[PDB]
Amino acid sequence: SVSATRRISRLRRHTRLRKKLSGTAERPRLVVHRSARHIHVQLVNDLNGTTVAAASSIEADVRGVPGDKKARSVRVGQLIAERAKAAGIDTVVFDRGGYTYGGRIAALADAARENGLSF
Amino acid sequence: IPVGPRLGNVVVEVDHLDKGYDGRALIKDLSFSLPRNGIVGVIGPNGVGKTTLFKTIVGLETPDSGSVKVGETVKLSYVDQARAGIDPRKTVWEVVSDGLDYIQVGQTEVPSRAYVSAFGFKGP
Amino acid sequence: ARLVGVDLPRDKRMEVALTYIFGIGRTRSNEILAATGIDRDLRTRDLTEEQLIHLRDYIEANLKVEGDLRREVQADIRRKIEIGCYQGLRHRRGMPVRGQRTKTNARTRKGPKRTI
Amino acid sequence: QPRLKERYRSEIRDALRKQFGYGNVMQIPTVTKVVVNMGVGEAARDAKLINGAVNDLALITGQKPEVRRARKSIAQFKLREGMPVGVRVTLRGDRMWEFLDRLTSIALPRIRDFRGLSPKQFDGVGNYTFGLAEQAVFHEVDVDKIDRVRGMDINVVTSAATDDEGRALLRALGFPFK
Amino acid sequence: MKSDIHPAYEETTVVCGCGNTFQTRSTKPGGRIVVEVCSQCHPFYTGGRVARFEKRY
RNA sequence: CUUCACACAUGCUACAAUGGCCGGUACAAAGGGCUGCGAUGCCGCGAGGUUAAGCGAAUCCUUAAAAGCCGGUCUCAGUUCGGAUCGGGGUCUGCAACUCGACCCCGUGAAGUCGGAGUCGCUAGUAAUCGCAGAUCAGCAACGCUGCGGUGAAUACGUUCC
RNA sequence: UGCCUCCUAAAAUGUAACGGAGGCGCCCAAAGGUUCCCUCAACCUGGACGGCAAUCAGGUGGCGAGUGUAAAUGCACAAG
Ligand SMILES: Nc1ncnc2c1ncn2[C@@H]1O[C@H](COP(=O)(O)OP(=O)(O)O)[C@@H](O)[C@H]1O
Ligand SMILES: [Mg+2]
Ligand SMILES: [Mg+2]
Ligand SMILES: [Mg+2]
Ligand SMILES: [Mg+2]
Ligand SMILES: [Mg+2]
Ligand SMILES: [Mg+2]
Ligand SMILES: [Mg+2]
Ligand SMILES: [Mg+2]
Ligand SMILES: [Mg+2]
Ligand SMILES: [Mg+2]
Ligand SMILES: [Mg+2]
Ligand SMILES: [Mg+2]
Ligand SMILES: [Mg+2]
Ligand SMILES: [Zn+2]
C-alpha cells in the first residue's frame, strides 16, 4: 500500500522533530496539517494539551480567495497570525508536521511572520 | 612483465605512412613491419615525431595518407611519456586498483597489494 | 549480418561465410547460392537486405540449422544410452564407438596421457 | 502517448472484469514498475563496468542506471563491502509502457533459438521475472562497439494479488508464454 | 537530476520486413531503427524407430 | 585372437602461401584378366545399378597417371590450413557386417602453429616428393611388403674426433 | 606491578587473595559539528552466467543485525 505508508512515514517524521520542539504557554506551537485540498493550523500549548487559536482553509473566508493553493495558504497564514494576537501571543515555534519546509507551508510561515508572529 | 597470449605472424604493418600537423610534415612515406620476438629501438632527436608514431599505432591519432594495420592476435600495451594516467591527489595503491582487492594482469588474478608490492611499493 | 541467429563475419566470401552456420558446410552452401541466384564470389558486406530475405527462407524450408539440429544430434546420442545398445555403453565411458582400436590410440574420445 | 498504454485502458482494462469478478474498478491490476539489472559479478576484478555495463543500459532503457554496492564481504567471491557489483535501472510511468512495447514487439523474438517464456516464473503475488542472454537483442546497443557480452534479468511488478491474476494481465500485454 | 545526464530519447519510427510498422520513443539516432523480424513475422507467434523401418521397407 | 589407467617400436597424414580450392590442358613404365576384365548407352550428386560390344589377350578391357603447365580466387587466420571424433542416410561383397569390413554422400570440425635429452637414412638418376600395378583375396581394416616409372637436388676440405 | 570493563561483592557506595575471564600505551581531517532523510539481521518465494551465500523483485520480520577498538551499561525515538 502507499496510503498506509504515507501516514506511518509522516507521523514518524513528525515524532522525530517533536523530541526537541515542544512549545509552552508563553511560546505556543504552530502545528500545520497539509492535505491535498486544504491546510489546517492550530497553536497547541504542550503542557495541558489546549489549543488556544486555530485557522483552516475549509472555512468560508479562505475558500473564496482566487488563485492557486499557495495563495490560500497565505490567507490562512494571515488568519492565525491575527488570532494569536487576540489571545496575547507574539512569539511561537513552528512545527513542520513531518512535511518539508517549502511550498505551501513556507508560504504559510512567511505570511505569518509579516503579520506579527516573530519566529 | 606479465606474459601475454600467442603472437601471430603479422604484428604491426605500416605501408606508406604520412603524418603531420601543419605545413611541417613529420613522417613521410614510411614502410616497415614489426617483427615477432624482438626488441625494436626508435632513435631520433627531440620534436621529430616519435610519440606521434606510437599514437597512430595505438589508435589515438589519424594518419594523413597510408594506413596502420595491426592484426587479429595483438593485444597492445602502452606506457606513455607524459604519465597522463596517474593523477596526483590519489594514492599509489588505488590508482593501480580502484578500491578493488584483486585485479586482472592478463587472464590471471593476482591480488592488488601483492601486485604493487612486486613493484617495490611495500608496506605503508 | 544476422541470417538465422549466427551473425556472419564481415569481409568474407559468401561461398565460405555461410559455412559458419551450424548445419551448412561447403556443398550445401553451394546450393543456397544456387536456388537464390546470389553469386559465390560476393563479399558479405555488400549483402543486400532484399537479398537476405531470399536466403532466410530457403533454409527454413529445406535445411536444418542451429537449435533444432543440435537438439537432434544430442537426442540420437540420448536414444542409444538408455536402450542399452553397444554404442550406448560405449558413449557412457568415453571410448570410440565405430570399432576403433583402443590399444594404442583413441586419444580423441579420451583426453591426453594420464601416465600411470 | 504510447500505444501500449492506450491499448491497456481500451480493452485489457475491461476484459479483466470478465475473467475475474471484481466489484470495484480500483481492484483491476496494473503493472507499476519494470526493474532491469545486469548484476556484473566480474567487476570485483578489473574495475571496468562504467564503460561497459552503464553505457549499454543507458541505451537500452532510456535513463542512466544506479551502481549498486555489495552489502557484506564474501571471501569465496573475491568481494568486499561497498564494492560495485550491480547496475540497476528502474522504469516508471510512460517510459515503462514504451519499454514493454519495445521489448515484446521487436526485441524479444531476436533471442537465438527462441521458443517462449515460462509461465511458472511468478513469485507468489503476481510479479514476473525472466532473464536474457547478452548485449544482443536490443538494437540500441550495437554488436561492434562493445566489450565482453553480458546479460540481464527483468522484473515486472504488478498490483495483482495472486499468480494467475498476473498471468492474465501479461498475456494480454503480449508476453509469449507456453 | 532529470536534466543533461540522461541520453537522447526522442520519437522513433520502426519498420519491419513484413510490412508492419509502428511509432515509439527510443534512443536510436535519426529515428530509423529497422528490424528484420517482429512480433508478427516470427514463429511461435503464428505457428519413432518403428515408422522408419516401414519407410525403408 | 580387435579388450585398455598405460609404455615402447615401424609408418601414414598434418601443422600451410615452394600452399589450399575451382576451371582448363600435356607426358609414363611395369603388370592383371573366363566361378573373369565390363567398352559403349541409359539411370544415380556419388559409391555404384542395368544393358552388353570386344577379348585366354603386342588385338579387347584394365586406362583418367599424379606431381607439372596456364588462368581465377583465398591474404596469414587454429584459417577456404588440418580431417580426428561423432549424428543421420546409402551402396557393395557374403549364409551373415552387433561384437568386427571397405567405399560413398551430407552434417560435425579434435589435437597440431615444425617438436626436450637424444636419435635415423642417404654420395647420383641417389636422397626428397608424386602416382600406378602385382601377390594373398568373396570382400577388406594395404598407410605394410615386392615392384614400376615421373620430376630431380646439396656437399665430400679431410682422417683430428665417435 | 599503572590504566580500562565484568564476576567474586552478600539487590546504595566501597571491599582482599600468587581468585575467575578479557582489553590498553591507540585510531578517525571524518568515524568531528549541524540540518534533513531512511530501517536492520535471519528466513521463505521467483530470476542469464550464479552455487548455502554477490546484485534484483515481492512477502515475512520490533530487534536476534549494527556500534573503529575488550567488557558492561545504553541505543530501533535511534547513539545503527
Ligand atoms: N596536438 C598537436 N598539434 C600540433 N603539433 C603538435 C601536436 N602534438 C605534437 N606536435 C608537434 O609535433 C612535433 C614532434 O613531436 P614528437 O617528436 O612526436 O614528440 P616526442 O619527442 O615526444 O616524440 C613537436 O615539435 C610538436 O610541436
Ligand atoms: Mg617522445
Ligand atoms: Mg593379431
Ligand atoms: Mg581442406
Ligand atoms: Mg551422369
Ligand atoms: Mg598456379
Ligand atoms: Mg590449441
Ligand atoms: Mg600459421
Ligand atoms: Mg657407398
Ligand atoms: Mg584384394
Ligand atoms: Mg554493590
Ligand atoms: Mg550490600
Ligand atoms: Mg557528518
Ligand atoms: Mg548517525
Ligand atoms: Zn514483420
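Below, read A as the first sequence line, B as the second, and so on, with proteins coming before strands; counting in each chain starts at 1.
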Map every base of RNA chain G to its dot-bracket character, where paired means a Watson-Crick or G-U wobble contact with both distances under 3.5 Å and | marks a partner outside the strand.
-> .(((.................))).............(......((.........))........(........)....)
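- Of the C1' atoms belonging to G:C3 and G:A11, the separation is 29 Å, rounded to the nearest Å.
- When rounded to the nearest whole Å, the span between CZ of B:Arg6 and P of F:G78 equals 7 Å.
- Spacing of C1' atoms, F:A141 relative to F:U99, comes out at 15 Å, to the nearest Å.
- Looking at heavy-atom distances under 4.0 Å, D:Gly151 makes contact with a base.
- Residue C:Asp76 places its side chain closer to F:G87 than to any other of F:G87, F:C76, G:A57.
- Judged by distance alone with a 3.5 Å cut-off, no donor-acceptor contact links the side chain of C:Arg98 to the base of F:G101.
- For C:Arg13 against F:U73, a side-chain-to-base donor-acceptor contact under 3.5 Å is absent.
- In this structure F:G131 is not paired with F:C37, as neither the Watson-Crick nor the G-U wobble definition is met at both distances under 3.5 Å.
- Between the P atoms of F:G56 and F:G33, the separation comes to 14 Å (whole Å).
- The pair C:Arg28-C:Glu31 meets the salt-bridge criterion, since a charged nitrogen lies less than 4.0 angstrom from a carboxylate oxygen.
- A heavy atom lying under 4.0 Å from RNA chain G marks the following residues of residues 1-14 of chain A, by number: A:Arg12, A:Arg13.
- As judged by a 4.0 angstrom heavy-atom cut-off over every strand, D:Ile111 is placed among residues making no nucleic acid contact.
- G:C63 has a negative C1'-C2'-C3'-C4' torsion, placing its sugar in the south range.
- Spacing of P atoms, F:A7 relative to F:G20, comes out at 34 Å, to the nearest Å.
- The residues D:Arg80 and B:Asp101 are annotated as salt-bridged, a charged nitrogen and a carboxylate oxygen being separated by less than 4.0 angstrom.
- Atom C1' of F:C140 sits at a distance of 10 Å from the matching atom of F:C103, rounded to the whole Å.
- The residue A:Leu17 sits apart from the nucleic acid: no heavy atom pair falls under 4.0 Å.
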